[PDB]
Amino acid sequence: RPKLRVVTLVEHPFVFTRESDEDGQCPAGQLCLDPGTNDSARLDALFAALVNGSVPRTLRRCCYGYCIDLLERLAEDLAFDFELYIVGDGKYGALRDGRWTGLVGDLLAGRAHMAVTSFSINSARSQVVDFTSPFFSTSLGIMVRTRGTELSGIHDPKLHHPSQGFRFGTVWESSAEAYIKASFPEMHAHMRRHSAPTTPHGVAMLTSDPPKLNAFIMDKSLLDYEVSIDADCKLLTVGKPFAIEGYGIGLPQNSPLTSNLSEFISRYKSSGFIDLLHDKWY
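In the PDB archive, X-ray crystallography is given as the structure determination method for this entry, at a resolution of 1.62 Å.

Set out below in structure tokens:
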């Protein structure tokens, strides 16, 4: 029964974490390591230390969420065991200085058998890693505060010729950022000084005092979740959808696992299991 090493990225409601119990175990959820490193030797050693060393609670979390439920079902149906860690840099992945970062970089470096989270399939990434057929689809979206900025979508002139003090941004090294860099390079030039390391950091810029963003661009799936948990219901998504992409499980090229995983994903879609996960987690 093979044991697969899975890299993830904490992004609500696809992957959440809570603290481990007194013994560093997870009565609810799945034990995930939080190593904070892309050093292959350190990663190997940390997993080894689970068995013959001592990994402190500061580096242990218990993962749960839509993608963890998905992973648990696939492990059952395909008969594999798994171990999880959170990607060190907290990024999905971009090509920077000739190397891929984030989840894409860990798959290429052989640090994980698969990457499981809200991971977008795009053409640049597909040239270097493989993805299963998608389990979920989302457009990008634009989040703003209520009672203020109005936008038609990505072609709004407010974004192409921003007025004095108008700021907008995305998440560094995300597929959202990749789409803008490729499609709207002049807009990217304005955004890259106002972007954020994670979705919650970007949403926080909209709500800071004073706000540091007037608009935040990210997967609509993720923005919709943040809209739903705002304590004041003061966030809103606006404009027409754009840049539709699927989420898939990422694997190194030519993995013997990809086909089998895709077959089950297709079955989960048709049988209504994927819809159940959505209803459960949203």
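Some details on the overall build of the chain
Across its full length, the chain holds 11 helices and 14 strands. Projected onto its principal axes, the C-alpha coordinates of the chain cover approximately 60 × 40 × 40 Å. For the chain, long-range pairs separated by at least 24 residues make up 77% of all intrachain contacts whose partners lie at least 6 apart in sequence. Counting every atom, the chain has about 13,300 Å² of accessible surface; 50% of that belongs to carbon and sulfur. Distance from the positive charge centre (28 side chains) to the negative charge centre (33 side chains) of the chain: 5 Å.

Let's talk about the sheet that holds strand 12 (residues 215-219)
By way of backbone hydrogen bonds, the strands of a sheet pair with one another, either parallel or antiparallel. Reading across from one edge, 11-12-10-13 is the order of the four strands in this open sheet, with mixed pairing throughout. Because the sheet does not close on itself, it has two edges, and the strands there are strand 11 (168-169) and strand 13 (235-247). Here strand 10 (residues 136-145) runs beside strand 13; their pairing, made up of eight bridges, is antiparallel. Its bridge partner being in strand 13, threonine 138 is matched across the sheet by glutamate 245. Against the sheet, helix 8 (residues 199-207) contacts strand 10, strand 12 and strand 13, and its axis sits at roughly 160 degrees relative to strand 12.

Regarding the packing of aromatic side chains
Scanning the entire structure with this criterion turns up 20 aromatic pairs. Considering the side-chain rings of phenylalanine 16 and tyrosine 64, the 5.0 Å spacing of their centres and the 5 degrees angle between planes classify their relative orientation as stacked. You can see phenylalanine 16 sitting in strand 2 (residues 16-19) and its partner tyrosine 64 sitting in strand 4 (residues 60-64), a full 48 residues away along the chain. In this structure, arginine 18 packs its charged tip against the face of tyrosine 64, placed 3.7 Å from the ring centre. The ring of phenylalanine 264 has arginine 267 lying over it, and the distance from NZ or CZ to the ring centre is 4.6 Å.

So, the pairing of strand 4
Across four bridges, the pairing between strand 2 and strand 4 is antiparallel. Among the inter-strand pairings, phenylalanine 16 is bridged to a residue of strand 4, identified as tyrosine 64.

Quick notes on the packing of helix 2 (residues 66-78) against helix 10 (residues 258-271)
Interhelical geometry of helix 2 versus helix 10 gives an angle of 115 degrees and a closest axis separation of 11 Å. For the element pair helix 2 and helix 10, the recorded crossing hand is right-handed. When helix 2 is examined against helix 10, the residues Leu70, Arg73, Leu74, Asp77 and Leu78 are found in contact with a partner set consisting of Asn260, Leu261, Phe264 and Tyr268. Of the residues contributing to the contact of helix 2 with helix 10, the split by class is six nonpolar, one polar and two charged.

Calculation criteria
- Residues numbered from 1 in each chain as written, not as in the entry; some residues may be left out.
- Heavy atoms only, no water.
- Helix = DSSP H or I, 4+ residues; strand = E, 2+ residues; numbered from the N terminus.
- Contact = heavy atoms within 4.5 Å.
- Areas by Shrake-Rupley, 256 points an atom, 1.4 Å probe, with all protein chains shown as cover.
- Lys, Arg positive; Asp, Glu negative; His and termini not counted.
- Charge placed at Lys NZ, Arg CZ, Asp CG, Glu CD.
- Pairing = 2+ DSSP bridges.
- Axes fitted to C-alpha atoms, helices over the stretch in contact; angles between N-to-C directions.
- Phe/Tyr/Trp six-rings, centres within 6.5 Å; stacked < 30°, edge-to-face > 60°.
- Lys NZ or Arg CZ within 6 Å of the ring centre and 35° of its normal.
- Left-handed = near helix turned anticlockwise from the far one by under 90°.
- Nonpolar A, V, L, I, M, F, W, Y, C, P; charged D, E, K, R; others polar.

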